[PDB]
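Here are the chains, one letter per residue:
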Amino acid sequence: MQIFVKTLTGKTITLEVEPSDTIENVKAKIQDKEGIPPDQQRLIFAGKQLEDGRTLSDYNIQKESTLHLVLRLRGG
Amino acid sequence: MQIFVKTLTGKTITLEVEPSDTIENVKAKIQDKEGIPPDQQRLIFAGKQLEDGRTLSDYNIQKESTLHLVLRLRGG
Amino acid sequence: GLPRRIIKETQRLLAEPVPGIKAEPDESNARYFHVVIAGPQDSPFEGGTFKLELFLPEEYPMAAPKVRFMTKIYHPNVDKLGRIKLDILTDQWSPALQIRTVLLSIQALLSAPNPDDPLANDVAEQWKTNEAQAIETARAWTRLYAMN
Amino acid sequence: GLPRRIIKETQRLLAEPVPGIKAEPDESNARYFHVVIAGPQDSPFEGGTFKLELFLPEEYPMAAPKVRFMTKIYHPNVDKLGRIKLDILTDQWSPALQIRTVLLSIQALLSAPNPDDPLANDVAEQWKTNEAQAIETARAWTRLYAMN
Amino acid sequence: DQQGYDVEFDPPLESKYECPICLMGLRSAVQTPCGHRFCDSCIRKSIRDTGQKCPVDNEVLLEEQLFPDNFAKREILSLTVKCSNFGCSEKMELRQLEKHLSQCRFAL
Amino acid sequence: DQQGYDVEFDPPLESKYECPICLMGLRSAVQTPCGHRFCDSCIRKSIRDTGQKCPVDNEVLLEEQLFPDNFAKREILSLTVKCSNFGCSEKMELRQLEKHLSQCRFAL
Ligand SMILES: [Zn+2]
Ligand SMILES: [Zn+2]
Ligand SMILES: [Zn+2]
Ligand SMILES: [Zn+2]
Ligand SMILES: [Zn+2]
Ligand SMILES: [Zn+2]
């Protein structure tokens, strides 16, 4: 399936994955295109920060579902 | 009118000029695209080395006429 | 004559809106933004609509935008005046980041409250000591102050 | 197994030929090339067809290809053995240059003979002292040796 | 003061030739070690104001580590653009814009 | 020994991602000060064998003056390619080729 990923600048990219893929797997694919290391990325979907452990099927990310890219979030 | 210009590698580019344009004018347009200074370029058409002074109408270069690019030619 | 990033960044954000988040500039001042973030799914704030006021300073994009809630919200990382304890705004900013990304991070903050780095200390104390109580408190604060 | 530049460079040259110049590789050796350059317009060699033999050395493209005429030609920059006094081959070579460009430069050399940097000294002396005689001599040398 | 190239590209400017800081065509393009493009002025402002790091991934970036993407510059300057003046319909390469903008018949 | 990427691109490899020396995809791309792209090995061979100059225009070029076009590298690696083995019809990004070439069902 396809998934949309809106980058920092506002530009969109489209990846190819299955629902079995992890969030660590998707962050590794985003590294290949944009050149941002996976630990530095923070992905948002439906106002929920997607963490490395779970898969796309757990959060319920379907065909043509638009993710959002955010920079590293540490201390307040 | 259009004119085809075959580069050193074999790749072609197409410029926009009139017959009134000089060879110095065309070499300046080839500098803009490829980043080769005009003095370093040597243009060939019908087995004839095209020199800076004359125009395209003198050599009789028409619509969609294919030129060829060659490197600097000094001493033998 | 505004800086021409802001004029493009307004147009991109307005033309391609984020799901849940409304945002428009003030008619008398383009640097002020009428923001209204909807409450995220499966949170204490499920089915609420919270106002915010975002401001772009003089040296934007090199300085981060100042954001404050304009609605009462029971959240450990938001104080009673409305100001937000979020990492994008209190340090480590970069000009690559945009208004769109800030509002997404504020939206994400509502689903993931962090008492371990607090701002409202009474709320952060309440969240750690009795979590299920504080979530029900925030659900009531949504119904009182944040539903219409 | 040849170097895979040569295999592409043969295909490009063969698929997209240069007007006037025929070129094909030898069937038993891909480094040898059967070249036949046609004589250019408004020159001493107008309406001739001259054979050449081009060879690609071991460290091509870092070394220039060795080219020699296989037809008698009255030209100051070509000796009686057939070897050519052209600048691409005797110095200042770069691997960017290809077989296609070498044959174009040899084609261009026929229209513009230069006695001031000679190889055949008897021809170069003849060209400077009596130019109109030498052009008529070359026109006869074309008809004798280079028409079919 | 100096941002990127501000003009309507035709076809529209691709994101790969766009500056992350000013959101416009890369004026005097420069590339980082981590390997993305900015304007000359904009990235140096991000270093001088915001800090010695690449905006998009927080990698290490000194002011000296930058180098000009002259390959990218030549591509951008040859992209076709529309006249920025209100009413003018003519089109040209970006390199020829500044010349035509003096020659343009619609400017204030 | 090491040339560029040798494989049938689909669509065909654009000239801007092609090496002037080996005539193939730019393996570990590097850009000059004068501003054109080569492989890492190929341009250094042209310096070491042929001389300290840029092949296409004879400009000055030391071995240290080169720098990696990492922006170009990421673009090239994401271009779609066909399986080089005789008979195989499958397609993929260039980055995924080496992985699939071990997994391929048609190799000798
Ligand atoms: Zn910029
Ligand atoms: Zn970076
Ligand atoms: Zn105009
Ligand atoms: Zn190469
Ligand atoms: Zn160069
Ligand atoms: Zn295969």
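Note that residue numbers begin from 1 in each chain and follow the written sequence, not necessarily the entry's scheme, while residues that lack coordinates are absent from the view. Labels follow written order: the first chain is A, the first ligand is 1, and so on. Side-chain metrics rest on all non-hydrogen atoms present in the structure, leaving aside hydrogens and water.

If you check the header, you'll see the entry was determined by X-ray crystallography and the resolution is listed as 3.4100 Å.

Undergrad: What exactly am I supposed to notice about the coordination of the zinc ion (ligand 1) here?
TA: Geometry sets the ideal angles at a metal, namely 109.5 degrees for four tetrahedral donors and 90 or 180 degrees for six octahedral donors. Residues and elements named next belong to chain E. Counted as coordinating are nitrogen, oxygen and sulfur atoms within 2.8 Å of the metal, or 3.2 Å for Na, K and Ca, while water is not included, which may make sites look incomplete. Around the zinc ion (ligand 1), the protein contributes the donor atoms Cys19 (SG), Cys22 (SG), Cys39 (SG) and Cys42 (SG), at 2.3 Å from the metal centre. Site shape is set this way: if four donors have all angles between 85 and 135 degrees, tetrahedral; if opposite donors are over 155 degrees apart and all others between 65 and 115, square planar for four donors and octahedral for six; otherwise irregular. One can describe the site at the zinc ion (ligand 1) as tetrahedral: its four donor atoms subtend angles covering 97 to 122° at the metal. Positions of the donor residues of the zinc ion (ligand 1), expressed as sequence spacing, correspond to C-x2-C-x16-C-x2-C. Of this pair, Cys19 sits in the segment before β1 (30-31) while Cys39 sits in the loop between β2 (37-38) and α1 (40-50); the two residues are 20 residues apart in sequence, bridging distant segments of the chain. What counts as a helix is a DSSP run of H or I of at least four residues, what counts as a strand is a run of E of at least two, and both are numbered from the N terminus.

Undergrad: Got a minute to help me understand the environment of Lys8 of chain C in this structure?
TA: Locating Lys8 of chain C in the fold gives a position in helix α1 (residues 4-15). Between the C-alpha atoms of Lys8 of chain C and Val67 of chain C, which are 59 residues apart in sequence, the distance is 20 Å. In contact with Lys8 of chain C, not counting residues within four places along its chain, are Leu23 and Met24 of chain E. Whenever two N or O atoms come within 3.5 Å, that pair is a polar contact, provided that in protein one can donate a hydrogen and the other can accept it, and provided that, for residues adjacent in sequence, both atoms are side-chain atoms. Polar contacts involving the side chain of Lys8 of chain C include one to the main-chain carbonyl oxygen of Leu23 of chain E, which spans 3.1 Å. By definition, residues are in contact when any of their heavy atoms lie within 4.5 Å.

Undergrad: What is the right way to read the environment of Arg68 of chain C from this model?
TA: Residue and element names in this part refer to chain C. Residue position: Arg68 is located in strand β4 (residues 66-69). Burial classes follow relative accessibility: with a 1.4 Å probe on protein chains only, a residue under 20% of its type's maximum area counts as buried, one over 50% as exposed, and anything between as partly exposed. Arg68 gets classed as partly exposed once you look at its relative accessible area, which sits at 42%. Here the alpha-carbon distance between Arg68 and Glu53, two residues 15 residues apart in the chain, equals 5.6 Å. Apart from the residues lying within four places of it in its own chain, the contact partners of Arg68 are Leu52, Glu53, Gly82, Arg83 and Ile84.

Undergrad: I tried to follow the UniProt feature "domain: UBC core" in chain C on my own but got confused; where do I start?
TA: UniProt positions are given in the numbering used here, feature names are shortened, and annotations may be inferred rather than shown by experiment. Mapped onto this numbering, the UniProt entry annotates "domain: UBC core" at residues 1-147 of chain C. Spanning residues 1-147 of chain C, this segment combines 36% helix with 16% strand, and its end C-alpha atoms are found 38 Å apart.

Undergrad: What am I meant to see in unusual backbone geometry here?
TA: Note: most residues except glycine have negative phi, and most peptide bonds are trans. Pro61 of chain C follows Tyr60 of chain C through a cis peptide bond whose omega is 10°. Within the secondary structure, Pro61 of chain C is located in the loop between β3 (49-55) and β4. The omega torsion of the bond from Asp10 of chain F to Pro11 of chain F falls at 0°, within 30 degrees of zero and hence cis. Locating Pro11 of chain F in the fold gives a position in the segment before β1 (30-31). Positive phi, close to 75°, is recorded for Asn60 of chain A, a residue that is not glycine. Here the phi dihedral of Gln92 of chain C falls at roughly 40°; this positive angle occurs in a residue that is not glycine. In this structure, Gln92 of chain C sits in the loop between α2 (87-90) and α3 (99-111).

Undergrad: Looking at this model, I keep getting lost on empty space enclosed by the protein. Mind explaining?
TA: One water molecule sets the probe size; rolling that probe over the atoms shows where empty space is left. Residues and elements named next belong to chain D. Grid spacing is 1 Å over the protein atoms alone, the probe is 1.4 Å, and a cavity is where that probe fits but cannot get out, while a pocket is an open set with protein on both sides within 12 Å along at least five of seven lines and lining residues have an atom within 4 Å of a point. Grid points are joined across faces, edges and corners, and a volume is the space filled by probe spheres set on the points. As enumerated under the stated definition, the model contains one cavity of 30 Å³ or more in all. If you add up the space inside the largest cavity, you get close to 30 Å³. As for the largest cavity, its lining consists of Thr10, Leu13, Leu14, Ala23, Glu24, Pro25 and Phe33. Listed by contribution, the elements that provide at least two residues to the lining of the largest cavity are α1 (4-15) and β1 (21-25). Polarity classes work like this: nonpolar for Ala, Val, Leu, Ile, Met, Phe, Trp, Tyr, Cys and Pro, charged for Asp, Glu, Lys and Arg, and polar for all others, with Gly in that last group. Of the residues assigned to the lining of the largest cavity, the class counts are five nonpolar, one polar and one charged.

Undergrad: When you look at the side chain of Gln41 of chain A in this model, what are you seeing that I'm missing?
TA: All names here are of chain A. Mapping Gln41 onto the fold places it in the loop between α1 (23-34) and β3 (42-44). Within polar-contact distance, the side chain of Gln41 engages the backbone oxygen of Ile36 at 2.7 Å. Look past the residues within four positions of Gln41 in its chain and what remains in contact with it is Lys27, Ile30, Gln31, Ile36, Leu69 and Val70.

Undergrad: How should helix α5 (residues 131-145) of chain D be read in this particular structure?
TA: What sets the pattern is the α-helix's 3.6 residues per turn: residues three or four places apart point alike. Residues and elements named next belong to chain D. What a helix is expected to span follows from its residue count: subtract one and scale by 1.5 Å. Here α5 spans 21 Å end to end across 15 residues, near enough to the 21 Å set by a 1.5 Å rise per residue. Taken as a whole, α5 has its buried residues at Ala134, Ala138 and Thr142. The buried residues of α5 occupy one face: seen down the axis, they fall within an arc of 90°. Those residues of α5 that are exposed and aimed more than 90 degrees away from the buried face are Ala132 and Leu144. Elements in contact with the buried residues of α5: β3 (49-55) and α4 (121-129). Where α5 starts, the residue carrying a side-chain oxygen 3.4 Å from the main-chain nitrogen of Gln133 turns out to be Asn130. Directions from the helix axis toward the C-beta atoms define the arc.

Undergrad: For this particular structure, what's the right way to read the coordination of the zinc ion (ligand 6)?
TA: Residues and elements named next belong to chain F. Of the protein atoms, only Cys83 (SG), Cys88 (SG), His100 (NE2) and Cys104 (SG) coordinate the zinc ion (ligand 6), at distances of 2.2 to 2.3 Å. Of note, the zinc ion (ligand 6) draws all its donor residues from one chain, in the sequence arrangement C-x4-C-x11-H-x3-C. Owing to a relative accessible area of 8%, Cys83 belongs among the buried residues under this scheme.

Undergrad: I'm lost on the packing of α4 of chain D against α5 of chain D in this one. Help?
TA: Residues and elements named next belong to chain D. Between N-to-C directions, angles span 0 to 180 degrees; the directions come from axes that are lines fitted to C-alpha atoms, helices contributing only their stretch in contact. For the pair α4 and α5, interaxial distance at closest approach is 5 Å and the crossing angle is 130°. Between α4 and α5, the crossing angle belongs to the class labelled oblique. Taking contact as the criterion, the partners of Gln126, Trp127 and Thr129 in α4 are, on α5, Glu131, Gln133, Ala134, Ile135 and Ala138. The residue makeup of the contact of α4 with α5, split by class, is four nonpolar, three polar and one charged. For classification, angles of less than 35 degrees are called roughly parallel, those exceeding 145 degrees roughly antiparallel, those between 65 and 115 degrees roughly perpendicular, and all remaining angles oblique.

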